[PDB]
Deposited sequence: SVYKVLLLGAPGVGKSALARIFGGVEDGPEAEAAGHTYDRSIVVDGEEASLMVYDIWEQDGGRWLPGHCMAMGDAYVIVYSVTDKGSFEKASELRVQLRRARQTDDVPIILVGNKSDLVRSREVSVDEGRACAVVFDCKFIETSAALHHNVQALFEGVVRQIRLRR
């Protein structure tokens, strides 16, 4: 019983940072307990049992690319998709709002979370969600 997770997204959004925090220990293994049940995770920083599409909240381009990739996945080859807006710490140079990120997620059938790899914020919550989500579909 594997849980392979593919890390997708535009350049420099924080993909490896998120993976390296979670792991582990680019392929990153790690066994977490959600939310009563042990679950193992294999996180793939490619640049699947779930796709994590990362954008930077300070980079509106990576956000639109994120949406573009979401519709691509929806048309190709179902699997959970998590939309992640990383770098929530850079409050001055933010170009995408939370609600804009959360509203995008609903309409296009994503789970949504904002993280900051810099502050280790919601990184654990992200990967616990992925497990929960894989579990909704299975």
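**Q** Numbering the deposited sequence from 1, which residue ranges have no coordinates here?
**A** Counting from residue 1, the stretches without coordinates are 26-35, 58-72, 103-105.
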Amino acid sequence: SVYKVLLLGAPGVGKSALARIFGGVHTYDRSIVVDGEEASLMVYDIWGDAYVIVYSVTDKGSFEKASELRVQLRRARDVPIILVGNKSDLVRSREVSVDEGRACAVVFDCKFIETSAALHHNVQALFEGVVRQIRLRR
From here on, numbers count along this sequence of modelled residues.
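**Q** If you look at the other compared entries where the surrounding residues are built, does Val25 lack coordinates in a third or more?
**A** Missing in at least a third of the others, so yes.
**Q** Mean Cα B factor from the PDB record: higher for 85-93, or higher for 29-37?
**A** Stretch with the higher mean C-alpha B-factor: 29-37.
**Q** Would you tell me which stretch averages the higher CA B-factor in the PDB entry, 95-103 or 53-61?
**A** Higher mean C-alpha B-factor in the PDB entry: 95-103.
**Q** For the listed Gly129, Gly9, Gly14, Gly24, which has the peak Cα B-factor recorded in the PDB entry?
**A** Most elevated C-alpha B-factor of the set, per the entry: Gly24.
**Q** Compare the CA B factors listed in the entry for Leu69, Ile113, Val79, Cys110 and report the winner.
**A** Largest recorded C-alpha B-factor: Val79.
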